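So this first bit is one chain, no partners, the form deposited in one PDB entry, shown in structure tokens.
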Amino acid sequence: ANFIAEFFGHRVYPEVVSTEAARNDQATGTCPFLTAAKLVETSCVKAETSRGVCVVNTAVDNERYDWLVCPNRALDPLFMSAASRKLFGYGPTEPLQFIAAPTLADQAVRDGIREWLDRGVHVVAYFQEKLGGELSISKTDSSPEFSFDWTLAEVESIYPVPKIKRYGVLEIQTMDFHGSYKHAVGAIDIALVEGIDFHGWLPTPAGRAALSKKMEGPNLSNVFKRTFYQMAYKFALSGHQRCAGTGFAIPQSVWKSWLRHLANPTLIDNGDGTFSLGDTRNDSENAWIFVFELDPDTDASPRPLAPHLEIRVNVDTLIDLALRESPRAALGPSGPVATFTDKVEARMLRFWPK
């Protein structure tokens, strides 16, 4: 029922979408997303028990879902540049240059940036775990330590010393799972090395069994617990003058799983290709949730990220929905808590003999 969906960036379950490059990435063991970003060959960062498992496919409530399972699978600079526009308040057709932070060591691009600042072209450099390293805000007696997945830097000048106008934050959350992939990885790895035709073997019942061997479901409530807190906290930090906006990038599958956690919220249609969660018409701290898909239309080797839903969020609404609205629905007339007393009595009754 549960399947490894992508193996080193390339589809294996729903379709075995494999070109010549797909054969190579899997044989060498290379995450194509780190390689394309850094322009240097890079193997997946994961331990042997889950090596190359970038996406897992499962059903919840009788519907199929791709679950991103590696933060590096959502390492799509092109998508992040687009989401950046919404954070810094740029138009859709505005000149923008989105470069990595390690590139700043190169003279050729430092001379290039200066020319862009003269033209009025926006220059944003990003700091990411494997591309420059993350940035952190230190703990206090009244505040905990925090780290940002993507720190965006809007450049003002770099003439003598690099200086920024504003900064941006993108937070990525994928999904973690129950159990292990060890058995599914182990079974498909022997068909990779010892086997003579791997891609022709994956769509077969034997390969489909191997891709699913002891594969379990997603840790749904776990990521909501961890991501909700970071949302509420980091969105409040976005209200700082020098912070242009904070956005959380999450897959469609993850967004849908959060709906019950948010008391089944109705999104407001703004008529601007964007949606809103609560009243964002006043005193806004430019808080965003970018719900993305794995592009089902591209045909290109690794499916890139495509926008699915762009939600501007009211923080107090987000807090109120999760911690007040949802419990009240659980305390509803036909809800689970109404019948709980009978459940306790039923569970007690099981210990009675005969």
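Rigid core (definition): largest C-alpha set, two forms, superposition within 1.5 Å. From 1 onward, residues are counted along the sequence shown.
What comes next is about the form deposited in another entry, which does not appear here.
- When the two forms are superposed on their rigid core between this form and the one not shown, the C-alpha shift of 2 Å or more among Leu277, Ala263, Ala232, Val109 belongs solely to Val109.
- Here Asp299 counts as shifted, since its C-alpha moves by at least 2 Å between this form and the one not shown after the core is aligned.
- The Cα position of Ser136 differs by less than 2 Å between this form and the one not shown after fitting on the rigid core.
- Residue displacement note: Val155 has its CA displaced by at least 2 Å between this form and the one not shown (rigid core superposed).
- A shift of at least 3 angstroms pushes the Cα atoms of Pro92 and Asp295 further from each other in the other form than in the displayed structure.
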